[PDB]
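1. Please find the sequence and an experimentally derived structure below.
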Amino acid sequence: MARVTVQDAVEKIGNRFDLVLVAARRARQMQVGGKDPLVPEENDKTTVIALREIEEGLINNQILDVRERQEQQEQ
Amino acid sequence: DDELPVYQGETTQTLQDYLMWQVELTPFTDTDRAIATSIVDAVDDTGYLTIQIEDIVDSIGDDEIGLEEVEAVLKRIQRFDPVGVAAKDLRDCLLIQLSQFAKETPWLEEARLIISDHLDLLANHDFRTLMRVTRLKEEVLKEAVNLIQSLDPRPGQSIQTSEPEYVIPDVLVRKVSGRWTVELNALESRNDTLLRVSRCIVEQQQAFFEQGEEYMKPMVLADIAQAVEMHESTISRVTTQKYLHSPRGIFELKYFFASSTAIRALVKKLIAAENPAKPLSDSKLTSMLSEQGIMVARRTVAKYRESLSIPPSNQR
Amino acid sequence: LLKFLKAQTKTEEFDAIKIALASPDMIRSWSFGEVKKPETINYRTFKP
Amino acid sequence: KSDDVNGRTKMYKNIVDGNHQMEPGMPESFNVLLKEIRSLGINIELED
Amino acid sequence: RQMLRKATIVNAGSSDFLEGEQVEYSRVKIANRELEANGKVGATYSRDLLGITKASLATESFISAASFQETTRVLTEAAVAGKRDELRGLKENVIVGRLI
Amino acid sequence: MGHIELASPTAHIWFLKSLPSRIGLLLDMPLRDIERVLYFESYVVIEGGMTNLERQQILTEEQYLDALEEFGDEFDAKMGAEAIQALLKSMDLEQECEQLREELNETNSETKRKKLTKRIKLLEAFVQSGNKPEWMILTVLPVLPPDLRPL
DNA sequence: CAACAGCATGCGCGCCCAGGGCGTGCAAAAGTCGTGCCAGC
DNA sequence: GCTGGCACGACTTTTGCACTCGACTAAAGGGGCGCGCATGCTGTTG
């Protein structure tokens, strides 16, 4: 599911410069390791996976913070 | 400065550079990378020599770290790009190069492991008794040996010596009537005059040593120091820096200033018929030299004929 | 005894590059020893 | 991808491994400049 | 807007008597001076027009503006004065190699 | 790096000929003065105690030698750059700053109200800075690392 | 006849490649050829 | 018992070391420009 336009994920988080930070911090997880995608993979690279999960509203700064606190508390 | 192609550099890659590049990219641990970096510097532009193993182990300063750890790692390093790399002794070189024959090579795998692993020390001369050792006969062993002789040695494929390091000559010796005549082909002005005087001393050397004669007539630096009255070290420095050029046997002339060289020519003549006897007889040649009037008595003059990678001693 | 790290010695994190005059003493703090002769590389030995 | 030497290596090794992460360092050519200004009697040093 | 940096100070009390100062720093020092119980610490200033090459060369960070135009001059003012860069703009960050 | 030790400390032309001249305006001298007397030419009366030439000033070197013979007394003048080092060494910014403040009050000309402020903001920079002015003319010259001068 | 203000001349910035192109003794110390001695086959 | 390698000696080769200034007679280049800042000489105000 190639993304031509990011606007839909930019409405989710204002200022795309923020999007890029969150997108890549989320994609890094799946890229290097120790995460699995919240969305069905369409064969696409991990970057698009991340932007899709942001466009779906499943992932954001707050959500990644809550997941970080949950993973640190569970460890 | 910049914006021009200043001779900033090329950054070429040698063999050790490339091996280290190859280590960077392989799944070594923190320690194993230290052993690997420890081995790749031990390697030489010639490949095979990884020098002493137990100094590789002891160089790390104990604290555990056995021999086996450097041995395994060592093997894997020996497996990198230029096929057989490092190892030791050429034997294990040919066993690592022989490690990959695809195993689909007819007759080669087994026979090659026997010949290359053990008894290869006797394969130098010829087959002979070895044919009775391995029970092989005819061309079965000869084809395996064709493969062993088809292997090549170590690395020297990385190389990175495109520079031939040419001579560029300095002074040309135009050959005259069975001899040589100078022409000099190809403060700072005072240095140039000194170089011209060095060329003049080479011309005096033409008068000092006969060209046509075997080797060169024996001369002393006191002759060239007699002609222009220059100091010995200065003349030897001019002849050491610059290299004289002649149509035949051109050389820095530093060796041109008939002595041992004539004996070397005589040794070369003896070498031509020396093929019949592998051991050779420089001592007998020394007796012949004494009969000729040289008075050589198993001296290094004969020993030089018996040295210089001569068949003498090595054949014995 | 080894575990020898050239790459790890400089991670140096800085701010504000600073600038000033160099005293002869600070020059000599940088100095590895003195160059006393003009010539560069011997033309025979091909070593410095 | 130009003058960071340790960082070019780490970069390419992580790429071959699928990391896509940078580990940026300090580019050579800055270091050079600092030596070339030290070559006049000016020190320029990086203060933490 | 960037030509209007660099005001010129009529009155005392803020130190810096009668010379080219940042308008920013002057408005910050006068703001802090009015915040203090002493209101005479504030001074009147006059803004200056600069003129865009003058205004580059006059930048607080000695690393930029060295690399703009005049390098000898720049580095001599900086070497004698002993100024620190702070790395706060985009060219410095580039030349050091860090994010902007 | 490397370094080389200089017999007679000289030059550093980076200062002095980068206009304006810090050595010129620091010592209250024209750059034709100091520029002229760096190498050869004048003898640059330095200290000049018990000397007919003003403790600070220059003179014709041949005339100065004749003047010294006429004086019958010897004045520690330095023809080389060592007089700039000596003068430069004997200069105190705080004493100069007090003199400059008196001079600024003394001056009735705005033209004179600018130069003075230049010297205040300069010398003041040397005080708060912590650099010694001496350092400007250099003794030990550092040499650049070999690999960045390739052959 | 005093210092002060103005006009003018000179010098150093920029732009920008651009192409390479390159002897004079004597004397103390040491490298090497010669010769002999010792070890290997 | 013979050959080859190496050790000891002689020789003959290598190396010490540098100051004066030496100079030397030309060898040429060579159509922008602005802009500004400072030094210097002139000029007019009292």
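-> Ah, there it is. Numbering: from 1, shown residues only, chains lettered A, B, ... in the order given.

2. Count the neighbours of residue A:10 for me.
-> A total of 16 residues lie near residue A:10 under the criterion other CB atoms under 10 Å in any protein chain shown. The C-beta positions use only the backbone N, C-alpha and C, and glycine is treated the same way.

3. Show me which residues of chain C are close to chain D?
-> Residues of chain C lying near chain D by CB under 8 Å from any CB of the partner chain: C:7, C:10, C:12-22, C:26-27, C:30.

4. near chain F, which of these show up?
-> By CB under 8 Å from any CB, the members of those lying near chain F are C:20-22, C:27, C:30.

5. wait, doesn't residue B:279 sit right on residue B:312?
-> Yes. With contact defined as CB atoms under 8 Å, residue B:279 reaches residue B:312; the gap is 6.7 Å.

6. okay, those two: which has more neighbours?
-> More crowded of residue B:279 and residue B:312, by other CB under 10 Å: residue B:312, with 25 against 12.

7. what's the closest of the ones next to chain F among the residues of chain C next to chain D to chain D?
-> residue C:22 (4.2 Å; CB to the nearest CB).

8. Surely the closest one touches residue D:44?
-> No. Counting by CB under 8 Å, residue C:22 stays clear of residue D:44, with 9.3 Å between them.

9. Can you check which residues contact both of the two?
-> Counting by CB atoms under 8 Å, 6 or more residues apart in numbering or on different chains, the residues touching both residue C:22 and residue D:44 are residue D:38.

10. Identify those among the ones next to chain F among the residues of chain C next to chain D that sit within strands.
-> C:20-21 (DSSP state E).

11. Farthest-apart pair in the residues of chain C next to chain D, please.
-> Greatest spatial distance among the residues of chain C next to chain D (CB to CB): C:7 and C:21, at 32.9 Å.

12. Who has more neighbours out of the two?
-> Using other CB under 10 Å as the criterion, residue C:7 and residue C:21 rank with residue C:21 on top: 23 against 11.

13. and DNA strand H, which of the ones next to chain F among the residues of chain C next to chain D reach it?
-> By CB under 7 Å from any atom of the strand, no member of those lies near DNA strand H.

14. and the ones next to chain F among the residues of chain C next to chain D as TSV, adding distance to chain A?
-> Below are those laid out as TSV (distance: CB to the nearest CB, whole Å):
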residue	distance to chain A
C:20	38
C:21	42
C:22	42
C:27	46
C:30	41
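
15. Now flag whichever of the ones next to chain F among the residues of chain C next to chain D is closest to DNA strand G.
-> residue C:21 (20.0 Å; CB to the nearest atom of the strand).

16. surely that closest one meets residue D:38?
-> No. Using CB under 8 Å, residue C:21 is not in contact with residue D:38; the gap is 11.8 Å.

17. if you go through chain D in chain order, where are the strands?
-> Under the criterion DSSP E, strands of chain D are mapped to D:42-46.

18. need the residues of chain C near chain B, please.
-> Where chain C comes near chain B, counting by CB under 8 Å from any CB, the residues are C:1-4, C:43-44.

19. Residue D:7 is in contact with residue D:28, correct?
-> No. Counting by CB under 8 Å, residue D:7 is not a contact partner of residue D:28; they are 10.6 Å apart.

20. Would you quantify the distance from residue F:118 to chain D?
-> Taking CB to the nearest CB, to the nearest Å as the measure, residue F:118 falls 22 Å from chain D.

21. now what about the helix or strand where that residue lies, what contacts it?
-> Assigned by DSSP states H and E, residue F:118 belongs to helix F:112-129. Applying CB under 8 Å, 6+ apart, the contact partners of helix F:112-129 are C:20, E:18-19, E:80-82, F:22, F:25-26, F:28, F:93-94, F:96-97, F:100-101, F:103-104, F:107, F:133.

22. Count the neighbours of residue 15 for me.
-> Let's take chain A. Counted with other CB under 10 Å, residue A:15 comes out at 9.

23. Please refer instead to chain D.
-> Other residues near residue D:15 number 11, with proximity taken as other CB under 10 Å.

24. repeat for residue F:108
-> 7.

25. Phi first, then psi, for it.
-> With angles defined as degrees, to the nearest 10, residue F:108 sits at phi -100, psi 10.

26. Could you check how far the closest residue to residue B:134 other than its chain neighbours is from residue B:148?
-> In this structure, residue B:134 finds its nearest non-sequential neighbour in residue B:114, 5.9 Å apart by CB to CB, 6 or more residues apart in numbering or on different chains. Residue B:114 sits 11 Å away from residue B:148 when distances are taken as CB to CB, to the nearest Å.

27. Secondary structure class of residue E:99, three-state.
-> With DSSP: H, G, I helix; E, B strand; the rest coil as the basis, residue E:99 sits in coil.

28. For chain E, which segments count as helices?
-> Applying DSSP state H to chain E gives helices spanning E:23-35, E:54-57, E:71-81, E:90-96.

29. sorry, back to before: what strands line up against the very next helix or strand once past the helix holding residue F:118, and which way round?
-> Counting by DSSP H and E, the element after helix F:112-129 in chain order, helix or strand, is strand F:138-142. If you go by DSSP bridges, strand F:138-142 pairs up with strand F:3-10 (antiparallel).

30. Can you give me the buried ones in the partner strand?
-> By neighbour count on 16 or more other CB atoms under 10 Å in any protein chain shown, the buried set for strand F:3-10 is F:3, F:9-10.

31. now do stretch C:25-32
-> Neighbour counts over stretch C:25-32 (16+ other CB under 10 Å) mark C:26-27, C:30-31 as buried.

32. Can I get that stretch in CSV? Just the C-alpha atoms.
-> Extracted in CSV, the C-alpha atoms of stretch C:25-32 (Å, rounded to 0.1, in the frame of the first residue of the first chain):
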residue,chain,number,x,y,z
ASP,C,25,54.2,27.5,25.9
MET,C,26,50.9,26.2,24.5
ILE,C,27,52.7,25.8,21.2
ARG,C,28,55.2,23.6,22.8
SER,C,29,52.3,21.7,24.5
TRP,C,30,51.2,20.8,21.0
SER,C,31,54.7,20.1,19.9
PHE,C,32,55.9,16.5,19.3
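
33. Give me every residue in contact with it, excluding its own residues.
-> D:38, D:41, D:43, F:1-3, F:138, F:140-142.

34. can we see that at 6 Å?
-> F:1-3, F:140, F:142 (CB atoms under 6 Å, 6 or more residues apart in numbering or on different chains).

35. just those residues now: which is nearest residue E:68?
-> Within these, the smallest distance to residue E:68 is 26.9 Å, found for residue F:142 (CB to CB).

36. burial count for the nearest residue in space to residue B:167 that is not next to it in sequence?
-> Among residues not flanking residue B:167 along the chain, residue B:243 sits closest, at 5.8 Å (CB to CB, 6+ apart). Applying other CB under 10 Å, we find 16 residues neighbouring residue B:243.

37. Farthest pair within the contacts of stretch C:25-32?
-> F:1 and F:140 (11.3 Å).

38. before we move on, the earlier item: just the buried ones among the contacts of helix F:112-129, please.
-> Those of the contacts of helix F:112-129 that meet the buried threshold are C:20, E:80-82, F:22, F:25-26, F:93, F:96, F:100, F:133, by 16+ other CB under 10 Å.

39. I'd like those residues written out as JSON lines, with distance to residue B:180 added.
-> Output for these, formatted as JSON lines (distance: CB to CB, whole Å):
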{"residue": "C:20", "distance to residue B:180": "66"}
{"residue": "E:80", "distance to residue B:180": "68"}
{"residue": "E:81", "distance to residue B:180": "71"}
{"residue": "E:82", "distance to residue B:180": "70"}
{"residue": "F:22", "distance to residue B:180": "67"}
{"residue": "F:25", "distance to residue B:180": "71"}
{"residue": "F:26", "distance to residue B:180": "70"}
{"residue": "F:93", "distance to residue B:180": "76"}
{"residue": "F:96", "distance to residue B:180": "78"}
{"residue": "F:100", "distance to residue B:180": "82"}
{"residue": "F:133", "distance to residue B:180": "69"}
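
40. Great, nothing more from me.
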